[PDB]
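Just one chain is shown here, as structure tokens, and it is the form deposited in one PDB entry.
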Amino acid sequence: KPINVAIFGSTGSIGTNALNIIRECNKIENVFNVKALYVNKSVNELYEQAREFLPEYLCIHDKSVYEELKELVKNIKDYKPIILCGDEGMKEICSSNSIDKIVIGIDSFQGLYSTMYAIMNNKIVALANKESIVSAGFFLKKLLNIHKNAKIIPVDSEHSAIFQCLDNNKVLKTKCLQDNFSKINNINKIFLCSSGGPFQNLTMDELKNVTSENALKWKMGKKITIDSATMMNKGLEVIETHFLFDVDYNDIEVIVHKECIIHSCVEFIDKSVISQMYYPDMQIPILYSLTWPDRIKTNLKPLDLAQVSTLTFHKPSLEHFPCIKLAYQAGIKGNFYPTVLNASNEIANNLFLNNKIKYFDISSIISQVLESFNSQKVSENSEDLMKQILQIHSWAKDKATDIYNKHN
């Protein structure tokens, strides 16, 4: 009767917000069972969660802190969890029949690999790791066509908004990433809303001088904060929209909505538009991913629209935010160009973060790596397709660093 959940990345932002909303929903009735918690290396934080939630499974990716975890957990009386580590631990959790739904709030390799294993085990995947969809969208589509009872349910706020705007009567006849999703759902176009970031109103001359300290002074992780500032975040979310909802790139419109109340909107084929709105918020997207197709009661503050008073919309300047254009171009090229976009941006974002390059150098580097890449035939074998994605991702990061080194 309870929804049996695993949280991958349980000490990160998404994971901690998921546990917060689960704790609240479990106050009176047993709505969720927290079956498994996994972290990369935050052993002390994981032990504290284990004390509270007492999951059946605990897993830590970094095997150098496996013994530390086991020793900490011994102190919990009358608790004998299955304590695991590394990729093998992740696969064991994903394979458990006692787990229904998996929240993926880790990035990078562990994120893509856990997503893949969750799908291979026909789970419901509440996916918060947009970079998995960008890097490997065609591969995830292939896997979801094999593993018929698996589903990706979006958690990224804008994509949760789009999903909520749809009619569940139609959504239940398809699933995200499936060919023809937009036709079954009568989707014409998507308005993808953005905060615009901190640099949205600067002149070109001002924008040339910005630094990461300017971008880092709503509070989020450093990487995403930089991607919000360049609007590369939105570019990555355009690609994510294309894959999740089978919407053509020409039918995805970025709109800057600085109040961040409308989270995104869907235009249907009759030209009616449905939007989802709330304060900025991750509890609603996370909870909805775990309750869909139902909703359950929360104690969140109700939206006071009269207090909000004013909502504004404008189109972003592609001269000021060239990362948007690069993402459209990569997405439209398809093949492995999104993989290359993602990987090159990882390097360029970090160089800017660390004060090694200027704002317009971010897009310069990314553009040069995209122009250097040559289309490759897509492997038919799933395990070889994954190998190819990893090869291309590593090549694109090394290529970005080579461009930096040569200019330097």
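All residue numbers refer to positions in the sequence shown, first residue = 1. Think of the rigid core as the biggest set of C-alphas that the two forms share within 1.5 Å after superposition.
Just so it is clear, the following notes concern the form deposited in another entry, a form of the same protein that is not shown.
J.: Determine, with the core as the superposition reference, the one member of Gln110, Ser157, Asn185, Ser228 that shifts its CA by 2 Å or more between the shown form and the other one.
T.: Shifted by 2 Å or more: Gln110 only.
J.: Taking the rigid core as the reference frame, is the Cα of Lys173 displaced by 2 Å or more between the shown form and the other one?
T.: No; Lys173 is a residue whose C-alpha shifts by less than 2 Å between the shown form and the other one when the cores are overlaid.
J.: Using the rigid core as the reference frame, would you say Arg295 shifts its C-alpha by 2 Å or more between the shown form and the other one?
T.: Shift at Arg295: below 2 Å after core fit.
J.: Using a rigid core superposition, assess whether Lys74 undergoes a CA shift of 2 Å or more between the shown form and the other one.
T.: True for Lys74: a C-alpha shift of 2 Å or more.
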